[PDB]
Amino acid sequence: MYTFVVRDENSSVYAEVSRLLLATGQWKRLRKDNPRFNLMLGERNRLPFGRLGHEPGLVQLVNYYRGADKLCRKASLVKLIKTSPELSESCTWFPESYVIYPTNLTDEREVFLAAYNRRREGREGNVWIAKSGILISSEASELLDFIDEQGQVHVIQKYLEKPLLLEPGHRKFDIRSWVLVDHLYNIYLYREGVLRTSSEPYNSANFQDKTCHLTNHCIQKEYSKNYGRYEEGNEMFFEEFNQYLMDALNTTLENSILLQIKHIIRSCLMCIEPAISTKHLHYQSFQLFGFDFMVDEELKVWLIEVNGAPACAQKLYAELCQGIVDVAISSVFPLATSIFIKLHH
Amino acid sequence: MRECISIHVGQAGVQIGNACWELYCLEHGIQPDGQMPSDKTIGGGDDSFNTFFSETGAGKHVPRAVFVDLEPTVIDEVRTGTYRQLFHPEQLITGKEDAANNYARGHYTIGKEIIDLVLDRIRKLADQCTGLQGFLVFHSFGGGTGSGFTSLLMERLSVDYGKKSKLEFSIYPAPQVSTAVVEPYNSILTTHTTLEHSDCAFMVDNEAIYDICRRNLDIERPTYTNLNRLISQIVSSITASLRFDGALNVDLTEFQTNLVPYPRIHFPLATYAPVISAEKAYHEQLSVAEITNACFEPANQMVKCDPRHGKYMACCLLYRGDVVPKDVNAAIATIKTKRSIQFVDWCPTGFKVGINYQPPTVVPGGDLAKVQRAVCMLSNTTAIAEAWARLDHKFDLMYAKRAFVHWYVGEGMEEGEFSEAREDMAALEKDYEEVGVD
Amino acid sequence: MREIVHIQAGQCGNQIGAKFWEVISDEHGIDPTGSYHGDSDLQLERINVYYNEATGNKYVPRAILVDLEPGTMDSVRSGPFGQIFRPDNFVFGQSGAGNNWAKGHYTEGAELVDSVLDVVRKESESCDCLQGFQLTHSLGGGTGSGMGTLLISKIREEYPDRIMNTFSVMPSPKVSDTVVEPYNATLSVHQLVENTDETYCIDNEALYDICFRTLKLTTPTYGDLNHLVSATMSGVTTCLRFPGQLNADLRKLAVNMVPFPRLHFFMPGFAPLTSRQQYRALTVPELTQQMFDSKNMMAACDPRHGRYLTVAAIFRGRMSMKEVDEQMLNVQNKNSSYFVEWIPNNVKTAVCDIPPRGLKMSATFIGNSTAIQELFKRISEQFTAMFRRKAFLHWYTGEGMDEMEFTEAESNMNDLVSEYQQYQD
Amino acid sequence: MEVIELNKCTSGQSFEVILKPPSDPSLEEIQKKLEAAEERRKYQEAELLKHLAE
Ligand SMILES: Nc1nc2c(ncn2[C@@H]2O[C@H](COP(=O)(O)OP(=O)(O)OP(=O)(O)O)[C@@H](O)[C@H]2O)c(=O)[nH]1
Ligand SMILES: Nc1ncnc2c1ncn2[C@@H]1O[C@H](COP(=O)(O)OP(=O)(O)CP(=O)(O)O)[C@@H](O)[C@H]1O
Ligand SMILES: Nc1nc2c(ncn2[C@@H]2O[C@H](COP(=O)(O)OP(=O)(O)O)[C@@H](O)[C@H]2O)c(=O)[nH]1
Ligand SMILES: [Ca+2]
Ligand SMILES: [Ca+2]
Ligand SMILES: [Ca+2]
Ligand SMILES: [Mg+2]
Ligand SMILES: [Mg+2]
Ligand SMILES: [Mg+2]
């Protein structure tokens, strides 16, 4: 009879895992402060890793990798890619990015301006985006002034002015991929991904109305007037997307996009493996990651960000959460056609 | 030559002391009767080993050590044991009844009535030293004597020997080999009143020693004898620079200068390798690179914690055996490219290295195998704060209900000392976070 | 040389005490004449904890036999090990206490207490370092209950810093001698809450149920019940009588078992308990399951009705000490809702190689559970049923007691129940 | 990767490798603590003996 505790009540994902664990009749839930647990579904912030793996007779597991924030923080990811030889500053699948601190506080203000002026002089497209509340502009003066008005670190990266547009609609989109890393550091990619599409036509002559540039489900369902027109909830799944790529582009999702995604997932996770692996550690870690990608008109895949506490598409909670129990939990606490793709090392 | 006086307080300190001097004698060729054939200067001499051993006219080499326990059971083992002849009776001090795992009982009640006697005996050893460096204090966190009486003894030593260095070897409590539920109280109480009096303290978590014995030595249920022989190997590696000719950590002051840039953060993490079982019929000897690499594995640290998520302030490599500098640097280069070693910005990113050609000595019939080379790494990592967090957490659970507090108050301690000692630990935790995290 | 002074008072106290000395004398190789005839040095290692050493290498128990009538103590002096007890340590009167707490505490007992304390002082004066005292008595009668608690009060006055430890037999209507047992028990508990550091609560009902349902004794007797208490007393004092620093000190056990001064009432337990399939080997898992089973406990309190503040477990015999830890951790980790989470690592396990007579291995259980409140709830109910009608009070008012003294004792015991209840939540 | 302060002797050698540069209570006061605690113990015991005498 295995035991576990829950320390993030707002997690839709592990709320389902917690619901499935009890359904097996072989798992018991303890108060969130009881230390005699086998499994911790811990908080997002200030997870007390230092108190794990010190209970005699209990093999303890946790659903977060200590140190993964280096990958899931906007500023950290920029620094990690530039300073890691495994990724190098010449990394081809990540938009040119710079870490910029507000003047009221190293910083790459001058380094950014140099690349900016280079584009302004070369007649090239010089439209960047700021984020940490987002601002898209082609003038460097606006981007820096918007950051100083705030009080937190910001990141300015090149805005993909040539995004791949679905048809009909002439609309942008981003791809979300769920990746699970188990205690042995096998990298599993969920066979099911989602496209978060913009229900508005892409217009490169007006970065003021951010509803056709930002594909967030929250911005589309609140500020967009064509919500749920082409697909239910501005969410297209791989089956439909792949059929589209065959009809319009005579190619497959695997060849044109998925190979690049798998290569990006591998590169990021294998890079930080020495820093976060729990192989020879007194406790074990696993974690679910949400990778966000962009696709340009050349069918090149770009990495946007990595989410450490991702949610899931309502239509995919059942399959995914069960797969989290099979490969991540039951593999350490066994019970009395996999849905994942092994990209590990 | 400057002498070092060792003080062993409580059961853990005394039994660990027994293991160390057994080792020191084997290392220096001293027989149990105190004789040392290799010593050609009879009755005296200012050799390196004389920092720990004095000499009588009859050629006996006597440890510069004091054993103190509030109950006689453990020290009586020394009086009639193998090394009964090493010490004279003045060096073995015992009371009638112990502190009952109660800090306040050891510090106030019983401590007040035997503190002056211990100092007088220590004064006797001090009067035999032409240039005393300081003291090495062995004790447990959890015991009522190890915690309560040590903190009082440290206060007085700072009074009677102000310009002297004081180092600690402290046993951090571990439930797998403990039967006292109040050890979190005693640990925090003694760290509070001892913090300003210790220049450098090496914590040894029994949970770590216990697992190394089960994992590397294949001991199903390790005893105190198993644990203490391993602990004395680490202690020997740390004190070797004081007992043998050398140029690194040659006096107690160098431990602070090399390992403690900030006075409160004086708890270096110790890592030792290799630990090979003597019952192992077949063993492949590890290289300089392999044992140096093992110094960055949590499984051989004296305290389980993840230095990958802390920052280093200092780092010492103490090798014993067949090791030359060339191989050390080669292993260090390879480890920097593969390991997560982050130094604070206000510190150089380097390593002070020490090599003693004499390989580690192993007690006949002991559990450890004779290896051709070993290393002990002393690094001041902020990651060691994990041990304070765990301990402080257990303190908070019990103190929120005032559980067991009446035992301490009944011994004359004021309840406010609990919260006072707890807020100091909260500051110690904050200081670590200020130095390490960004 | 951490000596303990044993005191046994009253009928129950002396018959259970007699068997206890018979049991442990056997474990230490002491025969009925006090001569050591053992084959192991472990037997003599801590022998002076419970025995004085006389001339001719004789060992005399450090026990004081107290009673207000001669009857029971004459039986001891004529019993198996009767010759072993110091002749001077028999202190008895002739009046009796008539199962009347007031007679043992205020009138008959008061006339005899000084001479008992003269023997206690003589035994303490020859102790190199006296740990404390242990008293065996019942709470339902008059001498053990009323005079027993008078002795504790006077011992505490003369030895205020020594540990006071008792084995207290709690009355039960199912194994009752008189109807006034709740009166005598409620008055004693009032004393025990204030003046003892550790009290092992032994419910005569549990002892009966065990003899009937488990041991399959058709018609249990007091002798049959006392066999269980002897075996239990031998187990809980293993830590003290043999080499080992687990709970080796009387004061260390109190520090580790008592988080609050008033909550020092323990549920003892023992495994195995087998009916005559009596030669079968018992595996370590089996020992642990039984030792935690309510049917193996002697307070007649289901631990599942409350939570454990602290737990001490002792294992005797040659067994896999690795397997012991594994099973002790399996019990806590499989029922962690029955242990308070604000006392980390509140279960301590000790081992001893020497098993009891005729057993390859055994385990004794010492639990400080809030479930013990149900024991005081029963006593309190029976008390109030009579006291609301002032029934049988004249036996007590006739000895000079006032009804007020009954009300105060009742309130304090009810407060004790309320304190167990608040820490259970 | 630099080596400095190489010291060699018959029983061993020591050196330093730099990979990258950077960027009490008096005797009297103790007596009061102890005696203060002892007094509080004496007070608690006097109250006990007072309670017993009553
Ligand atoms: N590593 C190691 N730890 C020990 C040893 N002896 C005791 N301990 C630890 O010390 C703690 C208990 O403190 P002790 O040193 O035994 O008690 P004390 O210092 O003698 O003080 P008293 O309460 O008066 O007995 C427990 O956590 C034990 O695990 C030992 O020989 N080696
Ligand atoms: N370099 C770039 N070029 C073009 N569009 C970009 C871009 N960077 C971000 N975007 C747009 O911003 C959206 C993603 O925003 P981002 O993920 O940084 O904010 P966020 O983290 O609060 C939402 P989530 O974490 O749920 O994906 C995408 O829809 C994408 O279209
Ligand atoms: N277990 C046990 N209980 C007893 C024994 N004798 C009496 N009792 C119980 O003790 C209570 C009577 O007290 P008793 O010891 O006879 O009175 P006292 O001689 O005046 O102290 C009743 O609850 C009895 O059930 C005995 O030998 N064993
Ligand atoms: Ca000499
Ligand atoms: Ca000082
Ligand atoms: Ca009379
Ligand atoms: Mg995000
Ligand atoms: Mg001790
Ligand atoms: Mg009777």
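All chains are named by letter (A, B, ...) in the order of the sequence lines, taking the proteins before the strands, and each is independently numbered beginning at 1. Excluded from the calculations below are hydrogen atoms, water molecules and symmetry mates; all remaining heavy atoms, backbone and side chain alike, are included.
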> Among side-chain atoms of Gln134(C) and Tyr50(C), is any donor-acceptor pair under 3.5 angstrom?
Replying inline: yes

> For the residue pair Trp342(C) and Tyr423(C), is the inter-centroid distance of their aromatic rings smaller than 6.0 Å?
Replying inline: yes

> To the nearest 0.5 Å, how far apart are CZ in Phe315(C) and OG in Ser362(C)?
Replying inline: 9.5 Å

> Is the distance between the ring centroids of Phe365(C) and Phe270(C) less than 6.0 Å?
Replying inline: no

>> Ring centres under 6.0 Å, that's the criterion: do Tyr338(C) and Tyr308(C) meet it?
In response: no

> Can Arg390(B) and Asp205(B) be counted as an ion pair, charged N to O under 4.0 angstrom?
Replying inline: yes

>> Is there a salt bridge (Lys or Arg N to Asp or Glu O under 4.0 Å) between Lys295(C) and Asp293(C)? Walk through the geometry before answering.
In response: CA-CA 5 Å; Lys295(C) 305 196 303 293; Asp293(C) 189 338; 2.7 Å; yes

> If only atom types and distance count, is the side chain of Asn38(A) paired as donor or acceptor with the main-chain N or O of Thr3(A) below 3.5 Å?
Replying inline: yes

>> Return the CG to CG distance between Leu52(A) and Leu61(A), rounded to the nearest 0.5 Å.
In response: 9.5 Å

>> Quick one, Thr82(B) and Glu22(B) - any side-chain contact, counting heavy atoms below 4.5 Å?
In response: no

>> If you apply the rule side-chain contact (heavy atoms from CB on, under 4.5 Å), what do you find for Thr349(C) with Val324(C), and how did you get there?
In response: CA-CA 9 Å; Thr349(C) 290; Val324(C) 173; 3.9 Å; yes

>> Are the side chains of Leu21(A) and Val325(A) in contact, using a 4.5 Å heavy-atom criterion?
In response: yes

> Is atom CD of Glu297(B) surrounded by more than 12 heavy atoms (other residues, nucleotides or ligands) closer than 6.0 Å?
Replying inline: yes

> Between the main-chain N or O of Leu58(A) and the side-chain N or O of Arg36(A), is there a donor-acceptor pair closer than 3.5 Å?
Replying inline: no

>> Do the side chains of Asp302(C) and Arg304(C) get close enough for a salt bridge, i.e. N-O under 4.0 angstrom?
In response: no

> With distance as the sole criterion, is a donor-acceptor pair present between the side chains of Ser234(C) and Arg241(C) under 3.5 Å?
Replying inline: yes

> Does any non-hydrogen side-chain atom of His283(B) lie less than 4.5 Å from one of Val371(B)?
Replying inline: yes

> Can you check whether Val255(C)'s main-chain N or O pairs, donor with acceptor, with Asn101(B)'s side chain at less than 3.5 Å?
Replying inline: no

> Are there more than 12 heavy atoms of other residues, nucleotides or ligands under 6.0 Å from atom CD of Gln278(C)?
Replying inline: yes

> Does the pair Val363(B) and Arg229(B) meet the rule for a side-chain contact (heavy atoms from CB on, under 4.5 Å), with working shown?
Replying inline: CA-CA 8 Å; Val363(B) 182; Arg229(B) 283 204 174 104; 3.9 Å; yes

> Between the side chain of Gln290(C) and the main-chain N/O of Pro272(C), is any donor-acceptor distance below 3.5 Å?
Replying inline: no

> For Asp33(A), does its backbone N or O pair with a side-chain atom of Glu341(C) as donor and acceptor, under 3.5 Å?
Replying inline: no

> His28(C) and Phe242(C): aromatic ring centres closer than 6.0 Å?
Replying inline: yes

>> Between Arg221(B) and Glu326(C), does any side-chain N to carboxylate O distance fall below 4.0 Å?
In response: no

> Does any donor atom in the side chain of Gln424(C) or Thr370(C) lie under 3.5 Å from an acceptor atom in the other side chain?
Replying inline: yes

> Hey, what's the ring geometry for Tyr2(A) with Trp27(A), parallel, tilted or perpendicular (30° and 60° as the breaks)?
Replying inline: tilted

> From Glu323(C) CD over to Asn330(C) CG, what is the distance, rounded to the nearest 0.5 angstrom?
Replying inline: 11.5 Å

>> If I compare all heavy atoms of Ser187(B) with all of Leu391(B), which pair ends up nearest, and what's the gap?
In response: CB-CD2, 3.4 Å

>> Surrounding CZ of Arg213(C) (heavy atoms of other residues, nucleotides or ligands, distance under 6.0 Å), is the total greater than 12?
In response: no

>> I'd like to check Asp367(B) versus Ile219(B) (side-chain heavy atoms, cut-off strictly below 4.5 Å). Are they in contact?
In response: yes

>> Nearest 0.5 angstrom please: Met361(C) CE to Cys352(C) SG, how far?
In response: 12.5 Å

> Can you tell me if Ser178(B) uses its side chain to pair, donor with acceptor, with the backbone of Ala180(B) under 3.5 Å?
Replying inline: yes

> For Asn34(A) and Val5(A), which heavy atoms make the closest approach, and how far apart are they?
Replying inline: O-CG1, 3.7 Å

> Which heavy atom in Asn368(C) sits nearest to a heavy atom in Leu263(C), and how many Å separate them?
Replying inline: ND2-O, 3.0 Å

>> Working to the nearest 0.5 angstrom, can you tell me the gap between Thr238(C) OG1 and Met233(C) CE?
In response: 11.5 Å

>> For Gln26(A) and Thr24(A), which I'm curious about, is there any donor-acceptor pair between the side chains at under 3.5 Å?
In response: no

> Within the distance-only criterion (no hydrogens, no angle test), does the side chain of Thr274(C) pair as donor or acceptor with the backbone N or O of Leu215(C) below 3.5 angstrom?
Replying inline: no

> Within a strict 4.5 Å, meaning less than it, do heavy atoms of the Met291(C) and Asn296(C) side chains meet?
Replying inline: no

> How about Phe404(B) and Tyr185(B): are their ring centroids closer than 6.0 Å?
Replying inline: no

>> On a heavy-atom basis, which atom in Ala206(C) and which in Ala300(C) lie closest, and how many Å separate them?
In response: CB-N, 3.4 Å

>> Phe141(B) vs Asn206(B), test: side-chain contact (heavy atoms from CB on, under 4.5 Å). Steps then yes/no.
In response: CA-CA 11 Å; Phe141(B) 275 175; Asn206(B) 267 344; over 6 Å; no

>> Does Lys280(B), at its NZ atom, have more than 12 non-hydrogen atoms belonging to other residues, nucleotides or ligands within less than 6.0 Å?
In response: yes

>> Can you tell whether the side chains of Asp98(B) and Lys252(C) come within less than 4.0 Å, N to carboxylate O?
In response: yes

> Mind checking whether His282(A) and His54(A) have parallel, tilted or perpendicular rings, split at 30° and 60°?
Replying inline: tilted

>> For a 4.5 angstrom cut-off between non-hydrogen side-chain atoms, does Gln176(B) reach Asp325(C)?
In response: no

> Counting heavy atoms not belonging to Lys279(A), are there more than 12 under 6.0 Å from its NZ?
Replying inline: no

> Just by modelled atom types, is the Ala12(B) backbone N or O under 3.5 Å from a matching donor or acceptor in the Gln15(B) side chain?
Replying inline: no

> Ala278(B) and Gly366(B): which non-hydrogen atoms are nearest, and at how many Å?
Replying inline: CB-O, 4.0 Å

> For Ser170(B) and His139(B), does a side-chain donor sit closer than 3.5 Å to a side-chain acceptor?
Replying inline: yes

> What pair of heavy atoms forms the shortest contact from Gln301(B) to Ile212(B), and how long is it?
Replying inline: O-CD1, 4.2 Å

>> With a 4.5 Å cut-off on side-chain heavy atoms, are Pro268(C) and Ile366(C) touching?
In response: no

> With no hydrogens and no angle check, is any side-chain donor or acceptor of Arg214(B) less than 3.5 Å from a backbone partner on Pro222(B)?
Replying inline: no

>> When you compare the side chain of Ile231(B) with that of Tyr272(B), does any pair of heavy atoms fall below 4.5 Å?
In response: no

>> Taking side chain to side chain donor-acceptor pair (under 3.5 Å) as the criterion, tell me which of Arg357(C), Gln43(C), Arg316(C) meets it with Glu27(C).
In response: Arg316(C)

>> Can a donor-acceptor pair be found, under 3.5 Å and without considering hydrogens, that links the side chain of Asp203(C) to the backbone of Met298(C)?
In response: no

> Quick one: CD on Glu183(B) to CZ on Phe395(B), what's the gap to the nearest 0.5 Å?
Replying inline: 14.5 Å

>> Looking at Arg2(C) and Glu71(B), is any side-chain nitrogen of the basic one under 4.0 Å from a carboxylate oxygen of the acidic one?
In response: yes

